[PDB]
Each structure stands twice: as structure tokens, then as C-alpha cells.
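Asks: Protein sequence lines, in the order shown, are assigned to chains A and B. For the first sequence, counting from 1, position 17 maps to 413 in this note's numbering; every step adds exactly one. For the second sequence, counting from 1, position 10 maps to 406 in this note's numbering; every step adds exactly one. The beta-carbon is built from N, C-alpha and C at its ideal position, and this holds for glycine as well.
2 protein chains.
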Amino acid sequence: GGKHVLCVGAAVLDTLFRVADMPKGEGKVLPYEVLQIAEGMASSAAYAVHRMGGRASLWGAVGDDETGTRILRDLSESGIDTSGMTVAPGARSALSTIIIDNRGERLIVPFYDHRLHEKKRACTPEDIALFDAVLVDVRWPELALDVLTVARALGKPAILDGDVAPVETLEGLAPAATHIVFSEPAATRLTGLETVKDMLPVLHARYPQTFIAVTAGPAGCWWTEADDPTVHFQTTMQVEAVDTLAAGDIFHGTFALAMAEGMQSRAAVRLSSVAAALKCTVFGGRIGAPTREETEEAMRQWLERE
Amino acid sequence: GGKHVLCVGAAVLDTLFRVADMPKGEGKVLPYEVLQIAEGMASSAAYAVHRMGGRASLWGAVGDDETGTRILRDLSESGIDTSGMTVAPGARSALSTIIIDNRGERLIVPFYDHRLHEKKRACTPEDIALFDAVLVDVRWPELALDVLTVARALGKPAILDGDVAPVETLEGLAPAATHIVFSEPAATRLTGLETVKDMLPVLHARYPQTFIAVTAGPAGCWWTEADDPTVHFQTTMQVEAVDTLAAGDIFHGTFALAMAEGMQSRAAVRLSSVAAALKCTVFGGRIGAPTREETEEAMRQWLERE
Ligand SMILES: [Cl-]
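1) Examine the Cβ distances between the region 409-417 of chain B and the region 425-445 of chain B and report whether three or more of them are shorter than 8 Å.
2) Using alpha carbons as the reference points, say which of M695(A), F679(A), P427(A) and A656(A) lies closest to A529(A).
3) How would you label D623(B), buried or exposed, when you count the other beta carbons within 10 angstroms and need 16 or more for buried?
4) Around the Cβ of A615(A), are there at least 16 other Cβ atoms within 10 angstroms (buried) or fewer (exposed)?
5) Tell me which residues of the region 401-427 of chain A have at least one Cβ-Cβ distance to chain B shorter than 9 Å, keeping chain order.
6) Please list, in chain order, all residues with a C-beta atom less than 6 Å from at least one heavy atom of ligand 1.
7) Name, please, each residue of chain B whose Cβ falls closer than 9 Å to the Cβ of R502(A).
8) Could you compute how far the alpha carbon of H446(B) sits from the alpha carbon of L526(B)?
9) Once you ignore the five residues that flank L653(B) on each side, which residues in its own chain have a CB closer than 7 Å to its CB?
10) Would you kindly report the start and end of the unbroken alpha helix (DSSP H) that includes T587(A)?
11) Quick one: what's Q432(A) bridged to in DSSP?
12) Using DSSP with H/G/I as helix, E/B as strand and the rest coil, what is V678(A)?
13) Using 10 angstroms around the beta-carbon of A643(B), count the other beta-carbons present and answer buried if the total reaches 16, otherwise exposed.
14) For a cutoff of 8 Å on Cβ pairs, would you count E462(B) as touching chain A?
15) Using a C-beta cutoff of 8 Å, does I524(B) count as contacting chain A?
16) Can you pull the chain B neighbours of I476(A), defined as C-beta to C-beta under 7 Å?
17) Name the residue from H600(A), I646(A) and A672(A) whose alpha carbon lies nearest to the alpha carbon of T632(A).
18) Which value, in whole angstroms, describes the spacing of the CA atoms of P485(A) and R466(A)?
19) Taking 8 Å as the cut-off, decide whether the C-beta atoms of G500(B) and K420(A) are in contact.
20) Are the region 602-618 of chain B and the region 568-581 of chain B touching by the rule of at least three beta carbon pairs closer than 8 Å?
21) Can you tell me which of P571(A), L491(A), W618(A) and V546(A) puts its alpha carbon nearest to the alpha carbon of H628(A)?
22) So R466(B) contacts chain A; which residues on that side make the cut at Cβ distance below 7 Å?
23) Would you please verify whether the beta carbon of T584(A) is less than 8 Å from any beta carbon of chain B?
24) For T677(A), would you say it is in contact with chain B, using Cβ-to-Cβ distances shorter than 8 Å as the test?
25) Name, in chain order, the residues that DSSP records as bridge partners for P506(B).
26) Under the DSSP definition of a beta bridge, which residues are partnered with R451(B)?
27) Measure the Cβ-Cβ separation of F679(B) and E462(B) and say whether it is below 8 Å.
28) Suppose the cutoff is 8 Å on Cβ atoms and the five residues either side in sequence are ignored; what does the same chain contact list for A663(A) look like?
29) Taking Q630(A) as part of the beta strand (DSSP E), name the residues at either end of that continuous run.
30) With a floor of 4 residues, list each alpha helix (DSSP H) that falls wholly inside the region 590-636 of chain A, ordered by position along the chain.
31) Which of helix, strand or coil does DSSP assign to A663(A)?
Written as C-alpha cells, this is what we have:
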């Protein structure tokens, strides 16, 4: 069972090369560990939904190529329903190299073909009525807009992962959502302010009927509820940040599932925070996404810390 | 038709990311062109044999994985007989990221699983008698040793691509070959001398019954014939070096084919040099390997330069 969450957006073949020292120019660096993993904001959020006890579907695009075949196979073997994914004929599938040093710092070299997302993908109310919530990233904005709109019309949580994108893109999607979780950099760009707590008053005023959260990694999460300007704050669990790649995605997927489950806001922010924290302690992007059980137990112990 | 050359060694899925500026630390660099190409020293040499009008077979290892499937498919679609390639069960196939800036300089992040080459691959005189020459790289030394030995026993050119490797490896393979083409760095390591022309006297004395060449890229090629210490030199064609990746491989494959064809040494060094030069003017590793016709015409014009 479990609630069913539709995730919409990125599906990318990452190759993660774990090195001691970050390269600083031409030459050669020998990796000591290499992982190829299909991930991306929506895909990792979908994986988190699955890991956290929900059912996950993903709408996203690959090309009709070998990288695409591999993305589809990995994602469905990882517990995600890929049956509604788009194969964009003549597009090349997204892939990235990420070089992760022994500080957990990253160098990313991403390949992205815009042709992936140039064709209209169908989004009917009958399609969406099958889901309990929807979560969309900034990667496929014209589909994301439609999914948010239809979901909200149907009375469903319509959640925007408001990560870095052109301001235009963020401003286009934000008005369609019932819930937005911005990353600190996205919120910074949108508000032009520096400190996260100062961004919530402005973001609430702009979208006063919307749930708005801004995540700040180890610094916690600030949010405002629909129709109320009170700013709430929730600290996160402190862990050793081995690999923060996909942390926000694990957060978003957990949060989207918590909404589909009807969870109170602070409970949902806590669960998402702990899940993200757990994932940060394991090298490999989304691969550290914890089970629901692991998150619940961690959270229990954390809530009793001294 | 065409002579048939066996190439033995590396088979690697390269992803080549073409960037303006070489990254210098963590962050992100956006590529403007991305090419995925199966190559590696032996594989590219094999491709050059094909492009230059010969028939090429490759013995090399991949894992039973998706990267392996892709390597095999690319190489056979590129005109190479892959029917004798080894699928090493439980090994992971080799892949690399190469970031190539607008100076044509490179940063390489190679993944290699030694398990690829831990099992014995058969090498019978009946297998080898089907080839007109053999060319081996330093990547699979125990197979390379056998292929060189059997080929030479059969009266065939037995050519060593003497590129960078442990000195032990180079010293183990060199005595089995009828012809060795060392890269400047390999010859430097083996002799401990600095200037290429000074390396030929020592390398001839060590292997006096062997054809020995040392390539120096745009600086040309020095060599000694079997049984004679006279050092010969051949300048190369000056080109704009857009991408020198695989240049030496194109050289070796052409040279191996020239030997299978019974070509005189200077003619063979010239043809290999021009072929390598041509390949350097095109971005993308081995993808610039010229046709036999393109090389012959270029060489004709170059030999009439003023
Ligand atoms: Cl692949």
C-alpha cells in the first residue's frame, strides 16, 4: 500500500567519482570508488517516496538511446513506476560526471539536451486523480505547471521543489502550487535577501494562501502555513555530512509523501529533515535514502537528545 | 580485403566533455559538446587499421554490464571484429571522463577494474595464424606477452605499443616483440634519459634485433632498424592540434597495418605520422581517424611542401 505520489522532472545518469583531492586543472585524478546511478531532483524524490513507504511514479524524459535504457532500468529496479516516462525521439538523455573529494565537495559536469522537454506531454485530470499528491521540480516547467494546476484543482497537495532556476521559471510555477519548498539559493534569488529567516515574510506575503518552506541544510528549515504569516522553525539532526548530493530531494519526496498522508506540518518537516540527514551520511547521491523505519527510529532518538 | 591485424588491450567507454575553461576546483562547468566513444589504446589502433583499409580484430575484456554492451556495440559498429572479446564475469567495464578545454588540454578521471584481466584468455598458434600482424598495448600484459610470442614464432610482425606502464611491464613485453613503438614518456622512464634522440642508442643496444621507434608528437619520430644502430628521423606534418587524444593509437594501428602490408620503414613511419596528424585536427578522441585515401593525399601534398 502506501500513498501514491507523482514526481515530475529530472532523470539523469550520474557517474560519481570519489577522489581524495579535488583536481585543480589538467592532468589525471584516480578515483577510489565509482558509482553510476540514475537520479536527478524528481527521480531521487521518487526514490525517497518509495523508501519511505509510499508508491512513486515518475514523469520525466529520456532519449531513445543507451543512456535512456539505463536510466529507465535503474529507476524501475529502484522501486519507481516508470511506465509514464517520455522517450523523446531524437533527444539525448541527460548524464553528468560528479567528482566528489574527501571533503564531500563536488565538481559537476552536466550534459543536458533541451530537446528532452520540447514536446507536450499529456496531463489529464483522470491521469492525476490516481495520485494522492504530486511533486514537481524546475526541470520541465511546462509539464510541471500543468501537473500542479490539475492536482490543486482536484484537491490534492501540489508541491513545488523550488530549486535554482531562472527567476522567470520559479515565478511561473510558484502561483500553481499548494506547497513550495525552496532551497536557500533559490529563495535568495527570488527575494534578493541574504538570511533565510528574512525571506519567509516576503515569500509568505507574495503567496499568502500557500505553504512556504525554505530549507537551509544543517541550519534547519523555516516555514509559514497557508493564510498565516507566523514563521516557524525546525532544527535538523546533526550528522557527519559525507555526501549531501540529493539531500534536498530526499527531503522533498518525504515531505510530499507526508502531505499525501495528511501529516501535520512540523511532523512532516521533522521526518523529511531526519530522512535527509540520514542520506547525508552515505556516499552516493540518492543511494543513502533511508527506510521509513530507519527514519522513524532515528527521529525518536533525536527528539530525546540531550 | 586488406591485411588483417589483431589488436590486443584496452576497451574503455570514454565520455569527452568539451569545455571553454578547464575547471580548477569544486563547482560546475558546463560543456558545449559531449561525446561518448568506446576507445582505449588497442581499440583505437583497431579502428585506425579499419579506417586505413585493413581488417581489424580486437581481443580485450569488458564486464557483463551495461557499459560493456555499449563498448561492444560501438566497436563493432565502428568496423572492428569484436567476436573474440572477453566478457569477464563479475568485472566492471572500464570507463573514463575526459574534460577537454579550448586549449585541447585534458583532465582524465579513469575507472579501471583489474578483474577485467585476471583470467587467462586462450592464444593458440592456430588463432594467430589467421592474422597478418599483431599489435598489443600495455593494458593486458599476460595476454600481450602470449600474443607477441606466438605471432613472432609464426613469422608475423609482433608490434608492441610501448606506452606508459610500470617499467617491469615494459621490460617484460619488449623482449617478445619484433617491433616496438614507444611514446616519449615510456621511453623516458625506461632509459632514464631526457632527449628522445639520446634514447635510441640505448634502446637499440638493449634490443638490437628489434625495430625500435620513439614518437615525439609534433617533434617527429626517431627509429632504429633491426640489427643496425643507425638512428633515423622523420619529421611529421604540422597541423593545428585540436585534440591529440588517441593520436599515438592512430599511429600504431597505421604502422601495424603498414607492417602487415610489407611497407618500408620510412614509408610506414610517414603514413602513420600523417594519419596521426589528421586525427589531431578533429575533436573527439579516435573519431578523427582518417581514411587511407585522406592520408595518402595529405601525405602527397606534404611531401611536396615548400
Ligand atoms: Cl551507459
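Replies: Taking the coordinates as given:
1) yes
2) Residue numbering aside, residue 529(A) sits at position 133 when the first sequence is read from its first letter. For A529(A), the nearest C-alpha among the options comes from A656(A).
3) In the second sequence, counting from the first residue as 1, residue 623(B) sits at position 227. Answer is exposed; the Cβ neighbour count stays below 16.
4) Against the first sequence, residue 615(A) aligns to sequence position 219. With fewer than 16 Cβ atoms within 10 Å of its Cβ, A615(A) is classed as exposed.
5) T411, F413, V415, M418, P419, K420, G421, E422, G423, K424, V425, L426 and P427
6) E462(A), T463(A), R466(A), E462(B), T463(B) and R466(B)
7) Residue numbering aside, residue 502(A) sits at position 106 when the first sequence is read from its first letter. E422, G423 and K424, listed in chain order.
8) Within the second sequence, residue 446(B) is the residue found at index 50, counting from 1. Within the second sequence, residue 526(B) is the residue found at index 130, counting from 1. Their Cα atoms are separated by approximately 17 Å.
9) In the second sequence, counting from the first residue as 1, residue 653(B) sits at position 257. Excluding sequence neighbours, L653(B) sits near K399, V401, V445, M448 and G450.
10) By 1-based counting over the first sequence, the position of residue 587(A) is 191. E580 to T587 is the span of the alpha helix (DSSP H), which, as asked, contains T587(A).
11) By 1-based counting over the first sequence, the position of residue 432(A) is 36. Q432(A) is bridged to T411(A).
12) One-based indexing of the first sequence puts residue 678(A) at position 282. Coil, per DSSP.
13) Within the second sequence, the letter at position 247 stands for residue 643(B). Result: buried.
14) In the second sequence, residue 462(B) corresponds to position 66, counting from 1. Yes, because at least one Cβ of chain A sits closer than 8 Å to the Cβ of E462(B).
15) The residue labelled residue 524(B) in the question sits at position 128 within the second sequence. No, because no Cβ of chain A sits closer than 8 Å to the Cβ of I524(B).
16) The residue given as residue 476(A) occupies position 80 in the first sequence. What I476(A) touches in chain B: nothing, since even the nearest Cβ is about 18 Å away.
17) The residue you call residue 632(A) lines up with position 236 of the first sequence. Closest by alpha carbon: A672(A).
18) For this step, residue 485(A) is matched to residue 89 along the first sequence. For this step, residue 466(A) is matched to residue 70 along the first sequence. Near 16 Å, if we compare the C-alpha coordinates of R466(A) and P485(A).
19) Working through the second sequence from its first residue, we reach residue 500(B) at position 104. Working through the first sequence from its first residue, we reach residue 420(A) at position 24. Cβ distance not < 8 Å, so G500(B) and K420(A) don't count as in contact.
20) yes
21) As a working mapping, residue 628(A) is identified with position 232 in the first sequence. It is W618(A).
22) Your numbering for residue 466(B) matches position 70 in the second sequence. Neighbours of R466(B) on chain A, chain order: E462.
23) Stepping through the first sequence from its first residue, residue 584(A) is reached at position 188. No - not a single Cβ of chain B is within 8 Å of the one on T584(A).
24) Position 281 of the first sequence, counting from 1, holds the residue named residue 677(A). Output row for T677(A): interface = no.
25) Translated into the one-based positions of the second sequence, residue 506(B) becomes position 110. According to DSSP, which records beta bridges pairwise, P506(B) is partnered with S492(B).
26) Walking along the second sequence from the start, residue 451(B) turns up at place 55. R451(B) is bridged to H400(B).
27) On the second sequence, position 283 is the one that residue 679(B) refers to. On the second sequence, position 66 is the one that residue 462(B) refers to. The answer is no: Cβ separation not under 8 Å.
28) As a first step, residue 663(A) must be located in the first sequence, where it is residue number 267. Excluding sequence neighbours, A663(A) sits near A654.
29) Along the first sequence, one-based indexing puts residue 630(A) at 234. Taken as a continuous stretch (DSSP letters only), the beta strand (DSSP E) holding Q630(A) covers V627 to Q630.
30) 592-602
31) Here residue 663(A) refers to the residue found at position 267 of the first sequence. Of the three classes helix, strand and coil, the one that applies to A663(A) here is helix, per DSSP.
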